[PDB]
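Student: PDB, C-alpha atoms, saved as final-v2.pdb, coming up:
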```
MODEL        1
ATOM      1  CA  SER A   1     -19.866 -20.343 -17.010  1.00  0.00           C
ATOM      2  CA  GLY A   2     -20.510 -22.632 -13.999  1.00  0.00           C
ATOM      3  CA  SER A   3     -17.625 -22.695 -11.473  1.00  0.00           C
ATOM      4  CA  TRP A   4     -15.102 -19.869 -12.078  1.00  0.00           C
ATOM      5  CA  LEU A   5     -14.000 -18.373  -8.717  1.00  0.00           C
ATOM      6  CA  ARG A   6     -14.212 -21.830  -7.038  1.00  0.00           C
ATOM      7  CA  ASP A   7     -12.622 -24.152  -9.650  1.00  0.00           C
ATOM      8  CA  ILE A   8      -9.803 -21.650 -10.385  1.00  0.00           C
ATOM      9  CA  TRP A   9      -9.304 -21.077  -6.605  1.00  0.00           C
ATOM     10  CA  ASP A  10      -7.758 -24.561  -6.096  1.00  0.00           C
ATOM     11  CA  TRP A  11      -5.401 -23.954  -9.063  1.00  0.00           C
ATOM     12  CA  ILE A  12      -4.449 -20.464  -7.763  1.00  0.00           C
ATOM     13  CA  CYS A  13      -3.490 -22.152  -4.446  1.00  0.00           C
ATOM     14  CA  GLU A  14      -1.272 -24.766  -6.186  1.00  0.00           C
ATOM     15  CA  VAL A  15       0.504 -22.045  -8.225  1.00  0.00           C
ATOM     16  CA  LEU A  16       1.203 -20.069  -5.004  1.00  0.00           C
ATOM     17  CA  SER A  17       2.852 -23.070  -3.267  1.00  0.00           C
ATOM     18  CA  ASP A  18       4.725 -24.120  -6.449  1.00  0.00           C
ATOM     19  CA  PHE A  19       6.044 -20.554  -6.995  1.00  0.00           C
ATOM     20  CA  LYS A  20       7.756 -20.896  -3.578  1.00  0.00           C
ATOM     21  CA  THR A  21       9.134 -24.447  -4.145  1.00  0.00           C
ATOM     22  CA  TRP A  22       9.995 -24.184  -7.886  1.00  0.00           C
ATOM     23  CA  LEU A  23      12.147 -21.073  -7.265  1.00  0.00           C
ATOM     24  CA  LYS A  24      13.728 -22.744  -4.182  1.00  0.00           C
ATOM     25  CA  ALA A  25      14.406 -26.129  -5.874  1.00  0.00           C
ATOM     26  CA  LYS A  26      16.315 -24.283  -8.657  1.00  0.00           C
ATOM     27  CA  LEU A  27      19.023 -23.067  -6.217  1.00  0.00           C
ATOM     28  CA  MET A  28      20.142 -24.013  -2.643  1.00  0.00           C
ATOM     29  CA  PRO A  29      21.656 -27.394  -1.698  1.00  0.00           C
ATOM     30  CA  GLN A  30      18.990 -29.356   0.261  1.00  0.00           C
ATOM     31  CA  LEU A  31      15.607 -28.279  -1.228  1.00  0.00           C
TER
ENDMDL
END
```
Will you turn the file into structure tokens for me?

Tutor:
Amino acid sequence: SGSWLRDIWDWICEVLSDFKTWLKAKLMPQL
């Protein structure tokens, strides 16, 4: 393979931020 720990690193960062917003957007009034 070519880029594995670098190309997947950006995706791992987006999943970490989404895991915090997705779970929050489901409940709570404002955000």

Student: In Å, with one decimal, what is the gap from CA of residue 2 (chain A) to CA of residue 14 (chain A)?

Tutor: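 Between CA of residue 2 (chain A) and CA of residue 14 (chain A) the gap works out to 20.9 Å.
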
Student: CA of residue 31 (chain A) and CA of residue 18 (chain A) are how many Å apart?

Tutor: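 CA of residue 18 (chain A) lies at a distance of 12.8 Å from CA of residue 31 (chain A).
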
Student: What does the distance between CA of residue 3 (chain A) and CA of residue 17 (chain A) come to in Å, to one decimal place?

Tutor: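 Distance reported for this atom pair: 22.1 Å.
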